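> I would like the atomic coordinates for the input below:
(2 chains)
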Amino acid sequence: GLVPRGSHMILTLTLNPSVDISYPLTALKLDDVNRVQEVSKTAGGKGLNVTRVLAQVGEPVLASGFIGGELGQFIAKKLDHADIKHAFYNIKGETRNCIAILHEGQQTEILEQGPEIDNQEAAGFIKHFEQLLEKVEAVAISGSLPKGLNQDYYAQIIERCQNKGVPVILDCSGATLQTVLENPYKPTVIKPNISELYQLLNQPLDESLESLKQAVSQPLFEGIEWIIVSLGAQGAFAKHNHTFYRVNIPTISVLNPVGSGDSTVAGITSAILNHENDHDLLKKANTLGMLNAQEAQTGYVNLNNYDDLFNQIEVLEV
Amino acid sequence: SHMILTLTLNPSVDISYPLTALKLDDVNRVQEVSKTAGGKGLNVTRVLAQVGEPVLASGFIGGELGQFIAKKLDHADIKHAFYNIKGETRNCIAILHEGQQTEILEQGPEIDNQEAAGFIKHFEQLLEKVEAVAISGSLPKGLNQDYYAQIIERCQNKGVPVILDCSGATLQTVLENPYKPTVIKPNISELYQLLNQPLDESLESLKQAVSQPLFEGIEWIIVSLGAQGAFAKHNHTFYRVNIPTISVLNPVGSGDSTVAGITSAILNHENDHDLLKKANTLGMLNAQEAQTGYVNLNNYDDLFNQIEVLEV
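Residues are numbered from 1 along each chain as shown, chains lettered A, B, ... in the order given. See below for the structure:
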């Protein structure tokens, strides 16, 4: 089989990756020495969890964003080992660490701000991104902006995509998302869960179908092709153009839900790339999300459990 | 060859997280993070570089975190000649939160037999360009227990003095072997732990303890007594070090500074009074500092002059 020369590929963006350090502890002794033998150190960031799920699904994918220093080199080594292709922009600063302490039933995290991106690097990445766009049919953007970047930076990136007709799946939240929602350059897919959605509008939460319909049809969400809203265990609600869907998912036994959002993003972006119909797009997004939740690993899916759950998902035009 | 070799067989990339509160089971966001080349022998090195002493750092490093260490040393203009390994140099974490130091220490990499013998050959060639060796810390995972004895054998052959700063079962393996460090520095509690003897602060018990067959063939034995000062044995002579008063802000790495002081004195063939004061002045200087393995040498002279040394 020949190595492809065209544009049939996903680009993931992880603008603030980290070297995640995991410390499983039987107890965290505060104000003392905690000795540990089994530390796991990985290439972290939501965009990289998306990339990993896409590689499992078998989709062509290229990871980019900003890396720097020895820790950026460590990130690169890790992706190389996993046979994951990447084209990160090198910066003068150093990629961050993030700590997760797994102890006594608890995840105690320490999250580093990370490097400052200067002006030449911010501009140069845009030129880099533009080059990468020539060989790409979809772009998945995950996580918040590193320090030093203009708060319109995703809007700039989305604008480059829209000109070339390359669809954007945006997974970011808070002010970051809101900044994009208020700008003229629209992502193709956004995916806030039900509380996030109403918070964005500054309205009380309401699970009623009619109320979710009005919420997603509001001015804030104008021009976004897909809005895909998680209602939790009771599946999802989605709006495609002006068509509404209730996605009904089966009861599952979950273990670790972190990275289900990342897995959903991989499923959406895979379905986009492939031009899957609405039902298929929705079923894939929710299956990957559910499979990951069933795993102890973050941004990992067991593909031999995919088809049985997929067959249990029901999509209704509502 | 007028140079000190420091040995840091198990260094770390130390990460330091100063927090207002450590919120457990929650996200703690941090902005001001300090990442440094860590390990006792590197503290010795930094203190020796402060004093202006010719120094070269060696030991094992691996992967990207090993390169971070080299880079940090390069920036500090500290010379190094490490031996690279297939494993990764470890991280060590310190969370400083509401008066507490909560530490996470990784075991670190395993060293294989080719790497262990590789370092021995590398160390022997380094030994041709140095006049004193300071050894700090314990053995990384995978190394034969005899490894320090092997290193010291090489130094003894070459007539190069070894200042040994290591503890517990690690030090005990050395004491029982034929090839001797020139200087050891166990504290008083540690001294009696070695003999499996009850802790006695008595001077005669101390003279006896330091003269027991476990410590035979060791030139300098320097025992910290706390604020009191020190008790030391040089060949057959016994000294007592009378040290002034200071406020201790951070007493971590005070031993490192004392090793740097003992080792500098050995390099420059200083007399016995001058060595004990210098060992003690650097140790106190560091105890006054917030920075681990750091001394303010402005206060050196006055603190040095307030030190008396008595043969007892």
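
> Could you pick out the residues of the stretch 101-250 of chain A near chain B for me?
The stretch 101-250 of chain A comes close to chain B at residues A:101, A:105-113, as judged by Cβ under 8 Å from any Cβ of the partner chain. The way it works is simple: take the backbone N, C-alpha and C, and place the C-beta from them, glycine included.

> How about the contacts made by the residue of the stretch 151-300 of chain A found nearest chain B?
Distances between the stretch 151-300 of chain A and chain B by Cβ to the nearest Cβ are smallest at residue A:258, namely 12.2 Å. Residues in contact with residue A:258 (Cβ atoms under 8 Å, 6 or more residues apart in numbering or on different chains) are residue A:298.

> Strands of the stretch 1-150 of chain A, residue ranges please.
In the stretch 1-150 of chain A, the strands defined using DSSP state E, counting those that start in this stretch lie at A:10-14, A:18-25, A:33-36, A:40-44, A:61-67, A:89-90, A:96-103, A:106-112, A:138-142.

> next one: the stretch 201-318 of chain A
Under DSSP E, counting those that start in this stretch, the stretch 201-318 of chain A gives strands at A:226-230, A:236-240, A:243-248, A:314-317.

> For PyMOL, what selects the buried ones among the residues of the stretch 101-250 of chain A next to chain B?
Selecting only the buried entries of those in PyMOL, with 16 or more other Cβ atoms under 10 Å in any protein chain shown as the criterion:
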select buried, chain A and resi 101+108+109+110+112
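
> Among the residues of the stretch 101-250 of chain A next to chain B, which one lies nearest to residue A:286?
Among those, residue A:107 lies closest to residue A:286 (Cβ to Cβ), at 24.9 Å.

> That closest one: what's it in contact with?
A:100-101, B:25.

> For beta bridges, what are the partners of it?
Beta bridges link residue A:107 to residue A:102 when assigned by DSSP bridges.

> try the one 4 residues further on
On DSSP bridges, the residues paired with residue A:111 through beta bridges are residue A:98, residue B:29.

> Hmm, residue A:98 and it touching each other?
Yes - counting by Cβ atoms under 8 Å, residue A:111 touches residue A:98, with 5.2 Å between them.

> related to what we said a few turns ago, which of the residues of the stretch 101-250 of chain A next to chain B sit farthest apart?
Farthest pair in those, by Cβ to Cβ: A:105 and A:113, 27.8 Å.

> Please determine how far residue A:54 is located from chain B.
Residue A:54 sits 25 Å away from chain B, going by Cβ to the nearest Cβ, to the nearest Å.

> what's around that residue, how many residues?
Residue A:54 has 28 neighbouring residues, counting by other Cβ atoms under 10 Å in any protein chain shown.

> Is it in contact with residue A:48, as I believe?
No - contact criterion Cβ under 8 Å: residue A:54 and residue A:48 do not qualify, at 10.4 Å.

> Can you check which residues contact both of those two?
residue A:12.

> can you tell me the distance between the two ends of stretch A:179-193?
18 Å (Cα to Cα, to the nearest Å).

> Could you list the residues in contact with it?
Taking Cβ under 8 Å, 6+ apart as the rule, stretch A:179-193 contacts A:141, A:151-152, A:154-155, A:158-159, A:162, A:167-173, A:177, A:200, A:220-232, A:261, A:264-265, A:268-269, A:272.

> For chain B, what is the nearest residue in the stretch 101-250 of chain A?
residue A:106 (3.8 Å).

> how about that residue, what does it touch?
A:28, B:24-25.

> Repeat that for residue A:250.
By Cβ under 8 Å, 6+ apart, the contact set of residue A:250 is A:309, A:312-313.

> same question, residue A:201
With the criterion set at Cβ under 8 Å, 6+ apart, residue A:201 makes contact with A:215, A:218, A:220.

> So what's the residue count around the last one?
Which is residue A:220. Residue A:220 has 16 nearby residues by other Cβ under 10 Å.

> now swap in the first one and tell me
For residue A:215, the number of neighbouring residues by other Cβ under 10 Å comes to 23.

> that older thread, want to throw the strands of the stretch 201-318 of chain A into a markdown table with mean neighbour count?
Converted to a markdown table, the strands of the stretch 201-318 of chain A look like this (neighbours: other Cβ atoms under 10 Å in any protein chain shown):
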| stretch | mean neighbour count |
| --- | --- |
| strand A:226-230 | 23 |
| strand A:236-240 | 22 |
| strand A:243-248 | 18 |
| strand A:314-317 | 14 |
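
> next one: stretch A:196-208 to chain centre, how far?
22 Å (Cα atoms, centre = their mean, to the nearest Å).

> actually stretch A:114-129, not the one I wrote
21 Å.

> Repeat that for stretch A:283-298.
So, by Cα atoms, centre = their mean, the centroid of stretch A:283-298 is 13 Å from its chain's centroid.

> ok, and for that stretch, which residues are buried?
A:283-295, A:298.

> Equivalent analysis for stretch A:21-40, please.
Neighbour-count burial for stretch A:21-40 [16+ other Cβ under 10 Å]: A:21-23, A:25, A:28, A:34, A:36, A:39.

> Kindly report the same for stretch A:152-162.
Neighbour-count burial for stretch A:152-162 flags A:153-158, A:160-162 (criterion: 16+ other Cβ under 10 Å).

> Am I right that residue A:282 is in contact with residue A:228?
Yes - using Cβ under 8 Å, residue A:282 is in contact with residue A:228, at 7.4 Å.

> Please enumerate the shared neighbours of the two.
Joint contacts of residue A:282 and residue A:228 (Cβ under 8 Å, 6+ apart) are A:236, A:238.

> what are the phi and psi values for residue A:166?
Per-residue torsions, residue A:166: phi -100, psi 110 (degrees, to the nearest 10).

> Touching, it and residue A:139? I think so.
Yes - using Cβ under 8 Å, residue A:166 is in contact with residue A:139, at 5.8 Å.
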